[PDB]
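Shown here is one chain on its own, the form deposited in one PDB entry, set out as structure tokens.
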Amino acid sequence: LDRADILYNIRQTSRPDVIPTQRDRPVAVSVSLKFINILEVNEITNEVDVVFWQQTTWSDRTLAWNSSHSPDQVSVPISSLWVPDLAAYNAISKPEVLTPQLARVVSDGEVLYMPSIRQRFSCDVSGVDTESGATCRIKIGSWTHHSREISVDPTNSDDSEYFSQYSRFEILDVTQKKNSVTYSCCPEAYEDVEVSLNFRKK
């Protein structure tokens, strides 16, 4: 098997509209944000503009192949793959993807999609100019799939590992927590990850 064959097969038979549930267990989706930059902060309106690297991981066994004498991995356009419908509940602008939209697929079926994203958020910006800093919370969850179809789980490296040293801001701490919430509109629980960003103006 070579890369041409593997990509042909994926394109011909991958089902980007079909959630790859196994045994009607939920698809486990790992999510972790690495912050790259904080661009604009407005303490009056409580809005922040952020660039982040959104690492997303899940299994789709329908993508698997025998890698004995073959590539162990390929890069695939996400339009050819099922991708989880993650949304940030407190976003106030659409996500602007800055990077090429390619996922990495491993022969066992694991998929890694790590786009870089610029997006505005509404959150608590008070204290950004103090020693304690502000604590901004971002909630990311599946938009239409409940906990029995998709479960999200937080995953690492330094919080500033990839954070720009030229930002006006600095990261004090990042914590990631998981939630399961029921909403009035729907019978089922929905999972989300809540990322807490503690940051301040230098």
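Only residues modelled in both forms are compared. Residues carry their position along the shown sequence, with the first being 1. Think of the rigid core as the biggest set of C-alphas that the two forms share within 1.5 Å after superposition.
In all of the other compared structures of this protein with flanking residues present, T62 is modelled, so it falls below the one-third mark for missing coordinates.
Modelled in this chain, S32 is likewise resolved in all the other entries of the protein that span it on both sides, not missing from even a third of them.
Where coordinates are absent for parts of the deposited sequence, a chain break appears; between neighbours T155 and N156 it spans 1 to 3 residues. The deposited model assigns a higher average Cα B-factor to 168 to 176 than to the other stretch when 168 to 176 and 29 to 37 are compared.
Taking the mean C-alpha B-factor of each stretch as recorded, 19 to 27 and 190 to 198 are not equal, and the higher mean is that of 19 to 27. Annotation for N90, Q73, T130, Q119: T130 ranks highest, by Cα B-factor. Ranking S59, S147, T144, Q55 by the C-alpha B-factor listed in the PDB entry places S59 at the top. For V97, the recorded CA temperature factor ranks within the middle third of the chain's modelled residues. For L63, the recorded CA B-factor ranks within the middle third of the chain. Only modelled residues enter the ranking. Among the modelled residues of its chain, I140 has a C-alpha B-factor that falls in the lowest third according to the deposited record. Sorting the modelled residues of the chain by their CA temperature factor places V48 in the lowest third. In this PDB entry, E110 carries a Cα temperature factor that places it within the middle third of its chain's modelled residues.
In what follows, reference is made to the form deposited in another entry, a form of this protein that is not presented.
Core-superposed comparison between the shown form and the other one: the CA of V18 stays below a 2 Å shift. Comparing the shared residues between the shown form and the other one on a common core, the stretches of 3 or more consecutive C-alphas each displaced by at least 2 Å are 156 to 158, 181 to 189, listed in sequence order.
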